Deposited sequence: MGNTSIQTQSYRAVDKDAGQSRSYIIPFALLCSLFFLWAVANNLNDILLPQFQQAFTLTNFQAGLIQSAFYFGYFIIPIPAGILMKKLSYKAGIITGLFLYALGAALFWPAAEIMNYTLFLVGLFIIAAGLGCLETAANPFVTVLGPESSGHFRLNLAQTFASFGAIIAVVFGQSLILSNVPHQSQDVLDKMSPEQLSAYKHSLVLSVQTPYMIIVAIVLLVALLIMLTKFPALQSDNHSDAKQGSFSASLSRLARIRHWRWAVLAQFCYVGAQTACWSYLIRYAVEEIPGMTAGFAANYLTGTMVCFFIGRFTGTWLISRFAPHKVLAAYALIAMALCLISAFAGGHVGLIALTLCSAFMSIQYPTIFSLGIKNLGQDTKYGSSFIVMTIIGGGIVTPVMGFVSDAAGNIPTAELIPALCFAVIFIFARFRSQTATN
């Protein structure tokens, strides 16, 4: 009935957001590629994806999911717009703040949008719901890159540091400014889009949800919800699973190009980037089919299946070499696909009141994407080769598979 149109609205809204945000992701390098400095950027990620979750979750429970969605969408656009002035007058701090603000908007929507979808109807199809909505997101990112990337990088000044270095100061001065005069258009478009969404949300009326309910005296408490969460094993485990996923995922993609160039003579860093784009096509295709699988079958089985397959690809990747290992690596994304969503739904469904704080944590495990890199680099260096470092992902996939035969409750 009324649980359905909002859903579809949301998928389309997942799509658009993934486009809009993905565009932000394409522009930032340039805006930053203008010039302790960049360590501060990477932390904006830890900030948005580690801090905000819980507070964002506090917001959710004392208000609603939609609040979080709305406020989250607000944070992002605020941070984004901060660029126009930060750009034009070349204040990095103004840039940095807008960044951090955007960062919180993401952690916000993340802890917010995901449970909202899985809960946006019957518990059983909560998993499929989120997956479909992700596929829409993923498709959005496809679009984002495909169309927008090329058809928006023809306004960006190509410049060999060769020239850039030789420029006089006033020239260099001038150059930089033309760059920001480029971002200040699709950036308005981006912001525009963010607002269009926020609007649509504010307008569309959603049905009532149990996990929303503020109905709770003292037991509604954070620490209350917290200790309650502790007793839950599959939630506990899903958290462990999601730390491992992000870990493994970023490990694959992160060192994929390095792998290519080190493994195949004579691979160019430029060319390997194709195997990378391929991986994204795998990912999306992976998700599409994967979700259709979640229609017919138990999520954990589809999860466990995909978990195992992915781990297998990695061992082939780690142990083989040449293209065989590379192709396995890129083919792996086809199976990471379904994982983030499913780990998430399986993780919460069925949490009730504790759904919201349940997410806040799940999301924080995105800290894993950063934590693997040193491990990846570490193992890699000890190994002498990238491939054997690919064992780390495989190791995550193994763990995630256990969770899939250990995901249950009652």
Practice problem: Residue ranges with no C-alpha coordinates, please: along the deposited sequence, counted from 1, in order. | Solution: 1-21, 57-60, 436-438
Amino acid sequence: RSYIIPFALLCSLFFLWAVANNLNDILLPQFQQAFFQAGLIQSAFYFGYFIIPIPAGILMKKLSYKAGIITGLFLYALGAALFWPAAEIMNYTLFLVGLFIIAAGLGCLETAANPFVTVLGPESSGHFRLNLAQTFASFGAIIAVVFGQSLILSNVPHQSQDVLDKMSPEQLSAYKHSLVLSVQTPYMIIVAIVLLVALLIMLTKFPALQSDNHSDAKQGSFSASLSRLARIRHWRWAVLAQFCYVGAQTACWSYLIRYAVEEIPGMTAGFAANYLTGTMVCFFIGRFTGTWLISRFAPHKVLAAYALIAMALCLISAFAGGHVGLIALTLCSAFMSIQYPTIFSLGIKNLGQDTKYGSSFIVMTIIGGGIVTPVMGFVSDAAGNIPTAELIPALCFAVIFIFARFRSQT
From here on, numbers count along this sequence of modelled residues.
Quiz item: Which of the two stretches, 355-363 or 36-44, shows the higher mean Cα temperature factor in the record?
Solution: 36-44
Self-check item: Stretch exceeding the other in mean C-alpha B-factor - 312-320, 201-209
Solution: 201-209
Practice problem: Between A192, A273, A224, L303, let me know which has the highest C-alpha B-factor in the entry? | Solution: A224
Quiz item: Taking the Cα B-factors listed in the entry, which of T250, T279, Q242, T268 comes out highest?
Solution: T268
Quiz item: If you rank the chain by CA B-factor, which third does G148 end up in: lowest, middle or highest?
Solution: highest
Self-check item: Record-listed C-alpha B factor of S173: chain third
Solution: middle
Exercise. Among all modelled residues of this chain, ranked by Cα B factor, put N114 in the bottom, middle or top third, i.e. lowest, middle or highest.
Key: lowest
Self-check item: For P55, the third of its chain into which the C-alpha B factor falls
Solution: lowest
Quiz item: Going by what the PDB entry lists, where does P29 fall on CA B-factor within its chain: lowest, middle or highest third?
Solution: highest
